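# Examining the three-dimensional arrangement
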Amino acid sequence: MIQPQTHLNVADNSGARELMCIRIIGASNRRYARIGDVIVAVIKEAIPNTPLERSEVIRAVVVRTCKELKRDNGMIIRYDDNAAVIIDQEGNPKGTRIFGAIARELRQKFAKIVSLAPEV
Amino acid sequence: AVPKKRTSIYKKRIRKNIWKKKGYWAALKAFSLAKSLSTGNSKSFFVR
Amino acid sequence: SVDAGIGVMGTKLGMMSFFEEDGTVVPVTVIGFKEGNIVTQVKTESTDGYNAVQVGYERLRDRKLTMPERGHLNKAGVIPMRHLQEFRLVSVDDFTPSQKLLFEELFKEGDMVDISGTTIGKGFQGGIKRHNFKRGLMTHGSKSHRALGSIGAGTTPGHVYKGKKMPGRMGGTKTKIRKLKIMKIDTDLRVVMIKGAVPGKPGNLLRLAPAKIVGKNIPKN
Amino acid sequence: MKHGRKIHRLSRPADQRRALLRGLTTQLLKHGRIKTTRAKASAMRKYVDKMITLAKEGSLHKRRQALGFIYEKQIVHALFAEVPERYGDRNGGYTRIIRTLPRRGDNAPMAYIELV
Amino acid sequence: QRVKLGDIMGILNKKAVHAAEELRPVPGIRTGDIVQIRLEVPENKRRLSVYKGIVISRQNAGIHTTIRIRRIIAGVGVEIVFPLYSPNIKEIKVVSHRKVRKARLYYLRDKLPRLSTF
RNA sequence: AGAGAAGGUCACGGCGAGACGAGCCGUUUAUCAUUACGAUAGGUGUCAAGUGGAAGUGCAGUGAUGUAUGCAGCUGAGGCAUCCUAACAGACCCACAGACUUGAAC
RNA sequence: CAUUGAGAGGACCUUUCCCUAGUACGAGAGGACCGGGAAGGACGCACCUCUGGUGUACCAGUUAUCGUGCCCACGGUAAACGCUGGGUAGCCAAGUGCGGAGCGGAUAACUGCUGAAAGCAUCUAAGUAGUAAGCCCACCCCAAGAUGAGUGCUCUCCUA
RNA sequence: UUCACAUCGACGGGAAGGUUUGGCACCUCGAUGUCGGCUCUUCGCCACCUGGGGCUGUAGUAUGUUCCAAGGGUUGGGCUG
RNA sequence: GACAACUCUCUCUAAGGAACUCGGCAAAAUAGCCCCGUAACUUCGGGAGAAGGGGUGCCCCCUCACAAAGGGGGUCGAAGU
Ligand SMILES: [Mg+2]
Ligand SMILES: [Mg+2]
Ligand SMILES: [Mg+2]
Ligand SMILES: [Mg+2]
Ligand SMILES: [Mg+2]
Ligand SMILES: [Mg+2]
Ligand SMILES: [Mg+2]
Ligand SMILES: [Mg+2]
Ligand SMILES: [Mg+2]
Ligand SMILES: [Mg+2]
Ligand SMILES: [Mg+2]
Ligand SMILES: [Mg+2]
Ligand SMILES: [Mg+2]
Ligand SMILES: [Mg+2]
Ligand SMILES: [Mg+2]
Ligand SMILES: [Mg+2]
Ligand SMILES: [Mg+2]
Ligand SMILES: [Mg+2]
Ligand SMILES: [Mg+2]
Ligand SMILES: [Mg+2]
Ligand SMILES: [Mg+2]
Ligand SMILES: [Mg+2]
Ligand SMILES: [Mg+2]
Ligand SMILES: [Mg+2]
Ligand SMILES: [Mg+2]
Ligand SMILES: [Mg+2]
Ligand SMILES: [Mg+2]
Ligand SMILES: [Mg+2]
Ligand SMILES: [Mg+2]
Ligand SMILES: [Mg+2]
Ligand SMILES: [Mg+2]
Ligand SMILES: [Mg+2]
Ligand SMILES: [Mg+2]
Ligand SMILES: [Mg+2]
Ligand SMILES: [Mg+2]
Ligand SMILES: [Mg+2]
Ligand SMILES: [Mg+2]
Ligand SMILES: [Mg+2]
Ligand SMILES: [Mg+2]
Ligand SMILES: [Mg+2]
Ligand SMILES: [Mg+2]
Ligand SMILES: [Mg+2]
Ligand SMILES: [Mg+2]
Ligand SMILES: [Mg+2]
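Residues numbered from 1 in each chain as written, not as in the entry; some residues may be left out. Chains lettered and ligands numbered in written order. Part of a larger assembly, values for the part shown. Heavy atoms only, no water.

In its metadata, the entry names cryo-EM as the structure determination method and reports 3 Å as the resolution.

Rendered as structure tokens:
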């Protein structure tokens, strides 16, 4: 449930701290987004002396949402924050390491992120 | 708003008779209540 | 309209879940069945100009029926019943009065079915709930919040268009939910389990018949 | 719409409902017969049967509830003294409603209510 | 005699719970319990996941009786709901029980991390 | 004219129907059982459910307080039983075998 | 009571990916028509089993003060909850299901077959075949005040 | 590249439409309230996308130009009254 | 009495948090007391309650209550002006 002007955290080693979604990708003329959906984002806080600057436009995918993610077996997932991970056109992350747990639903689209995660 | 023109005489009466027509249904209820009360068999209505 | 096959009538009892063997969850709706599901009348083209068959349901005390309705059921030696509905068909060569209609003989498993019943009555509702209109500003001095706004152009046409989406009664009418999958049968309790939602609250009447598809089952036109 | 809502509103807020019905039971249990409207009488059956249900289980915990509900103090002490002998066998339906002509001022449907 | 129609909800609700209980019994869980859940994952075949945490709710809904499990993984808080009588759940434990005074522990979402770390 | 056909309306008790009208259910509550029809609402009883461990008493502690009796206590708009109260009294409208022609039957 | 449907409305929308296939084509780069199958968007008809909102029915905690003789325990007020923490039914969406079908009919543009006037040729001034998110029916709802007021089953018309 | 008409087309000519700026001043001065925006419609086609074709200086993908076609659709933001 | 739309006066509202809007209009949030700590600039008076942080209930003791404040210990709740 990621609307534009939504402040997201960063999970990877990309060297950023905060993001701000401005558009959604993949969903035609949609305004919200769940985990696994790609977004366009704007950096607002970055780490000093890193390849990423403060006001760059990038692509990223949502990995954590405070909104609840329903499964088929009745299980539901909930996080206590909103976060994302930057990506390239192929979909691989720039950061070498990942923080936070990832859901198993991302293996069908983003398997590299599932491997680098500490837990699932 | 405001009315453009005045209502006629008979169109007025047709609307008044409907208001008066409600008395027809109120009289039937009273007659039903009396005949259902002049027998002294109803244990659900105390008239005194 | 022409139905693809023959259906029956049941009553909504509630709604619950259904765990599969693998573990997937299925929001399932339950439908009971009263005593009577017997055929009452058989219509033909020679008499009525169309082919169909009546079906009754919800047996009740005989005193409650009007005496005309008794003679209609007493012709076929049929018990008293409250409701009556038809099932139009192409051929009625294999139906007679005083004939029971077991649903398990007609709906085995995983069969698509068209449910139809009365919806929940909302009453005299506005435009935002009925026609999904948008709302005006709640601040910035706006006086109109949940109003319609304009209901026409102006001097041209000079009148309000017919069928303008406006307030009125909402719900309480007949609808039909198409292509619902049946999950399970239970002949012990005389009950049927169907996936998805059903119009109305528990105790409401409905009709369930085989799913009709345009080019497959019914005659095209 | 009020689908599934079982509550008597009586054209009064909650603070006045909780006081109006609470006050009428004080008068019925001492007089045994009063003259009120039909809407007030219909809402009264739920609460009068409650206080009478407390007397069957005439314990100390059940008494403190009636004291908080019933305004006056002497009726509650007198209520538990007579109900076990008076309603030692009845199970519910501790009152009836007798209809009556309406009032002159507002045509309000009036009716008596009494303890069987 | 047959079964009345107003009771079929309870029968089906009671029947499935009885079948799942004999197939896989379950202990009595309340708000504040610290449990350890083992559930099969049809994605893989070899091993199974292991999720633990404190119970912050218990919604009684018959066969779909649920429990919410709060626990902090990788520094971030995570709340997961588990239907008790699902066939995927292979085993449940009750490690310990915390002293509480409420039915639902929603305040922990604002409290410190250590109240939910395990 | 008398009397009240089927049936409808009011009235009585209610609604998951409803602005009011309307629409729907019910109006002495059965007896037999392999069986389904005669509980409308409220109350009562019971169960699900919600809140989360009542009062009183005892114990521990200088005390705040904790603790045992105790899945307690309260609630129960819902489900099922139960005629305990109220559906009593009853009232109104309503019954010319369906004009006249022609044909085919008889 | 059950119904035919003249007429009327609603809805028939759309993106991406995979297979065919790295095939046809092309020097190579690069990369298909047709056909089939999935996942979505928007919109619409319903629903509350699920996740939750509200829930001035209800439960609990708590501040100040008045009262119930006082302690304990309760009640009122702090607008139309004193302030808060939870909440069944109900309502509701963010939640849950369904929906959009047809190798059915007739056409437009276009391509045609057969073939005169005009021994040739011509899609045509005889005839005829393919074919559009469009048109009509089919799908969903209403519907005999359709005064053109229909159809069918059943019932009633007492007394003198 | 040669080839007027794949695509542009000077020089000039003949039209329709009534959304632009204007001309006239016919209705309204004992009153026809304005620009833009919100909400809510509904039609037209001279077609932006979606459907189906022709030609191409159309290999293919993707275009270009044009015909039938108005059923449906045609985003959210920054600046500006 | 009843508890439709719609209007007004009020309460809460999941995820997000000015994307609304001419404009953060309106609403929401902040709030008391005691400690810590308080910038550029300055007419040396101010700025300043700057900003920004911590504590706050009840019970026992220290304590002699010294009207206070302070210290230590214990305890209830999601939350102590
Ligand atoms: Mg910049
Ligand atoms: Mg309704
Ligand atoms: Mg809006
Ligand atoms: Mg306003
Ligand atoms: Mg005109
Ligand atoms: Mg009033
Ligand atoms: Mg108050
Ligand atoms: Mg739940
Ligand atoms: Mg009669
Ligand atoms: Mg009526
Ligand atoms: Mg009852
Ligand atoms: Mg319980
Ligand atoms: Mg105790
Ligand atoms: Mg309990
Ligand atoms: Mg009960
Ligand atoms: Mg009985
Ligand atoms: Mg038609
Ligand atoms: Mg049509
Ligand atoms: Mg729900
Ligand atoms: Mg429910
Ligand atoms: Mg709810
Ligand atoms: Mg006093
Ligand atoms: Mg109080
Ligand atoms: Mg008090
Ligand atoms: Mg006072
Ligand atoms: Mg007041
Ligand atoms: Mg207030
Ligand atoms: Mg709440
Ligand atoms: Mg609350
Ligand atoms: Mg030829
Ligand atoms: Mg020839
Ligand atoms: Mg021809
Ligand atoms: Mg077509
Ligand atoms: Mg003009
Ligand atoms: Mg002009
Ligand atoms: Mg004038
Ligand atoms: Mg055109
Ligand atoms: Mg919010
Ligand atoms: Mg804007
Ligand atoms: Mg803006
Ligand atoms: Mg302001
Ligand atoms: Mg304020
Ligand atoms: Mg300060
Ligand atoms: Mg300053």
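## Regarding the overall build of chain E
Here is the rule we go by: Secondary structure elements follow DSSP: runs of H or I of four or more residues count as helices, runs of E of two or more count as strands, with numbering from the N terminus. Residue burial is assigned from relative accessible area. The probe radius is 1.4 Å, only protein chains are included, and a residue is buried under 20% of its type maximum, exposed over 50%, and partly exposed in between. Whether two residues touch is decided by their heavy atoms; if any such pair falls within 4.5 Å, the residues are in contact.
Helices and strands together make up the secondary structure of chain E, namely one helix and five strands. Counted from the first residue to the last, chain E has its helices and strands arranged as α-β-β-β-β-β. Its C-alpha atoms put chain E at 60 × 40 × 20 Å along the principal axes. Counting all 118 residues of chain E, 40% fall into the buried class. In chain E, 54% of the contacts between residues at least 6 apart in sequence involve partners at least 24 apart.

## A short note on the packing of aromatic side chains
All names here are of chain C. To keep things clear, this is the line we draw: When the centres of two rings from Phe, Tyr and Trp lie within 6.5 Å, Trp using its six-membered ring, the rings pair. Their planes under 30 degrees apart give stacked, over 60 give edge-to-face, and anything left gives tilted.
This model, assessed by the stated rule, comprises six aromatic pairs over all chains. When the centroid spacing of 4.4 Å and the interplanar angle of 15 degrees are considered together, the rings of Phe33 and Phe103 count as stacked. With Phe33 in the loop between strand 2 (28–32) and strand 3 (39–43) and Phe103 in the loop between strand 5 (81–86) and strand 6 (112–118), the pair connects residues that are 70 residues apart, well separated along the chain. Given the relative accessible area of 8%, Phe33 is considered buried.

## Examining the protein's contact with RNA strand G
Here is the rule we go by: Being near a molecule or strand, for a residue, comes down to having at least one heavy atom within 4 Å of it. In protein, a polar contact means a hydrogen-donor-capable atom and an acceptor-capable atom, both N or O and within 3.5 Å, with residues adjacent in sequence counting only if both atoms are side-chain atoms; elsewhere, any N or O pair within 3.5 Å suffices.
Close contacts around RNA strand G come from 74 residues, with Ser28 and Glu68 of chain A, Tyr50 of chain C, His3 of chain D together with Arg104 of chain E the closest. Each atom of RNA strand G within 4 Å of the protein belongs either to a base or to sugar and phosphate, the latter forming 87%. Here a phosphate oxygen of RNA strand G and a side-chain polar atom of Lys179 of chain C are 3.1 Å apart. Going through the elements one at a time, strand 1 (8–16), strand 3, helix 1 (67–74), strand 5 and strand 9 (174–186) of chain C, helix 1 (14–31) and helix 3 (60–69) of chain D together with strand 3 (66–73) of chain E are the ones with two or more residues in the surface near RNA strand G.

## Description of the interface of chain E and chain C
Formally: By salt bridge we mean one thing: a side-chain nitrogen of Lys or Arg within 4 Å of a carboxyl oxygen of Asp or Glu. Note on residue categories: nonpolar means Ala, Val, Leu, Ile, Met, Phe, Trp, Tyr, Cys or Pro, charged means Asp, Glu, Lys or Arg, and polar means any other residue, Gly included.
Counting residues at the interface gives twelve residues for chain E and 16 residues for chain C. Joining chain E to chain C, the criterion identifies zero salt bridges. Taken together, the links from chain E to chain C amount to zero residue pairs in polar contact. The leading source of residues in the side of chain E that touches chain C is helix 1 (residues 8–23) of chain E, at four residues. Classifying every residue of the side of chain E that touches chain C gives nine nonpolar, three polar and no charged.

## Focus: the arrangement of the chains
Here the protein chains form five pairs of chains in contact, of which the pair with the most contacts is chains A and E. No part of chain B reaches chain C; the closest C-alpha pair between them is 17 Å apart.

## A look at helix 2 (residues 38–56) of chain D
Residues and elements named next belong to chain D. Under the convention used in this document: The span you would expect from a helix comes to 1.5 Å times its residue count less one. One axis is fitted to the seven residues ending at the residue and one to the seven starting there. The bend at that residue is the angle between these axes.
Here helix 2 is 19 residues long and its end C-alpha atoms lie 28 Å apart, about the 27 Å a rise of 1.5 Å per residue gives. Taken as a whole, helix 2 carries its principal kink of about 35 degrees at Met44. Taken together, the buried positions of helix 2 are occupied by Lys40, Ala41, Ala43, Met44, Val48, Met51, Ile52, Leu54 and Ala55. Summarising the contacts, the buried residues of helix 2 are in contact with helix 1, strand 1 (33–37), helix 3, helix 4 (74–86), strand 2 (96–100) and strand 3 (110–114). N-cap assignment for helix 2: the residue whose side-chain oxygen lies 3.4 Å from the backbone N of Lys40 is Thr37.

## A few points about the nonpolar core
One broad rule of soluble globular proteins: the nonpolar side chains tend to lie buried together. Spelled out, the test is: Here, the term nonpolar core denotes a set of buried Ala, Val, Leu, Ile, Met, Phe, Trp, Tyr and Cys residues that are joined through side-chain atoms within 4.5 Å.
One finds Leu19, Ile39 and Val63 of chain A together with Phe82 of chain E to be the most contacted residues of the largest nonpolar core, which totals 59 residues. If we ignore the near neighbours within four places in the chain, the residues touching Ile39 of chain A are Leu8, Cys21, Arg23, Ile24, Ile25, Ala33, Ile58, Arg59, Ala60 and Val62 of chain A.

## Quick look at the packing of helix 2 of chain D against helix 3 of chain D
All names here are of chain D. Defined as follows: Helix axes are fitted only over the stretch in contact, all axes being lines through C-alpha atoms; the angle between N-to-C directions runs from 0 to 180 degrees. In this scheme the crossing of two helices becomes right-handed for a clockwise turn of the near helix relative to the far one and left-handed for an anticlockwise turn of less than a right angle.
Interaxial distance between helix 2 and helix 3 falls to 9 Å at its minimum, and their mutual angle equals 145 degrees. In this structure, helix 2 meets helix 3 at a crossing whose hand is left-handed. Mapping the contact onto sequence places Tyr47, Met51 and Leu54 in helix 2 and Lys62, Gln65, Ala66 and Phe69 in helix 3. Class assignment of the residues belonging to the contact of helix 2 with helix 3 gives a composition of five nonpolar, one polar and one charged.

## Description of unusual backbone geometry
Note that the residue after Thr156 of chain C, namely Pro157 of chain C, is joined by a cis bond; omega there is 5 degrees. Tracing the chain through its elements places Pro157 of chain C in the loop between helix 2 (127–130) and strand 8 (168–170).

## Focus: the sheet that holds strand 2 of chain C
Residue and element names in this part refer to chain C. To keep it simple, the criterion reads: Pairing between strands requires that DSSP locate at least two bridges from one strand to the other.
One closed barrel holds the six strands; their spatial order is 1-2-10-9-6-11, and the pairing between them is antiparallel. Adjacent strand axes in the sheet meet at a mean angle of 45 degrees, parallel and antiparallel pairs treated alike. As defined by bridge partners, strand 9 adjoins strand 10 (residues 191–195) across four bridges and the pair is classed as antiparallel. Bridge pairing in strand 10 links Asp186 to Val191.

## Concerning the environment of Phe103 of chain C
All names here are of chain C. Owing to a relative accessible area of 3%, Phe103 belongs among the buried residues under this scheme. In sequence terms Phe103 and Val214 are 111 residues apart; their C-alpha atoms lie 24 Å from each other. Residues within four places of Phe103 in sequence aside, it is in contact with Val8, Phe33, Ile185, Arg190, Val191 and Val192.

## Notes on the pairing of strand 10 of chain C
Residue and element names in this part refer to chain C. In terms of residue burial, strand 10 counts as a mostly covered element, since four of its five residues are buried. Taken together, the five bridges between strand 2 and strand 10 define a ladder with antiparallel strand orientation. From the neighbouring strand, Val28 faces strand 10, where its bridge partner is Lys195. Between strand 9 and strand 10, which follow one another and run antiparallel, lie four residues, and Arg190 among them has a positive phi close to 55 degrees.

## So, the protein's contact with RNA strand F
Of all residues adjacent to RNA strand F, which total 64 residues, the nearest are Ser36 and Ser44 of chain B, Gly121 of chain C, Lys62 of chain D together with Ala103 of chain E. Counting only the atoms of RNA strand F within 4 Å of the protein, the fraction contributed by sugar and phosphate is 65%. Contacts to RNA strand F include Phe124 of chain C, whose backbone N or O atom sits 3.4 Å from a phosphate oxygen. Contact distances for RNA strand F include 3.1 Å between a sugar or linking oxygen and a side-chain N or O atom of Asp49 of chain D.

## Some details on helix 1 of chain E
What counts is decided by this rule: By construction, the arc corresponds to the directions joining the helix axis to the C-beta atoms.
Taking 1.5 Å of rise per residue, the 16 residues of helix 1 of chain E would be expected to cover 22 Å, and the 22 Å separating its terminal C-alpha atoms lies within 8% of that figure. The complete set of buried residues in helix 1 of chain E reads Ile8, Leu12, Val17 and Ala20 of chain E. Around the axis of helix 1 of chain E, the buried residues are gathered within 160 degrees of arc, so they sit on the same side. Exposed residues lying more than 90 degrees from the buried face of helix 1 of chain E are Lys14, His18 and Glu22 of chain E. Looking at the packing, one finds that the buried side of helix 1 of chain E touches strand 1 and strand 9 of chain C.

## Points about the state of the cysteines
What counts here: When two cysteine sulfur atoms lie within 2.5 Å, the pair is treated as a disulfide.
Tallied over the full model, the rule gives zero disulfides over all chains. With no disulfide of its own, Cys21 of chain A has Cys66 of chain A as its nearest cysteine by sulfur position, at a separation of 16 Å.

## As for the environment of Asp94 of chain C
Residues and elements named next belong to chain C. Relative to the helices and strands, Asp94 is located in the loop between strand 5 and strand 6. Owing to a relative accessible area of 57%, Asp94 belongs among the exposed residues under this scheme. For the pair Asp94 and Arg59, spaced 35 residues apart in sequence, the C-alpha separation works out to 24 Å.

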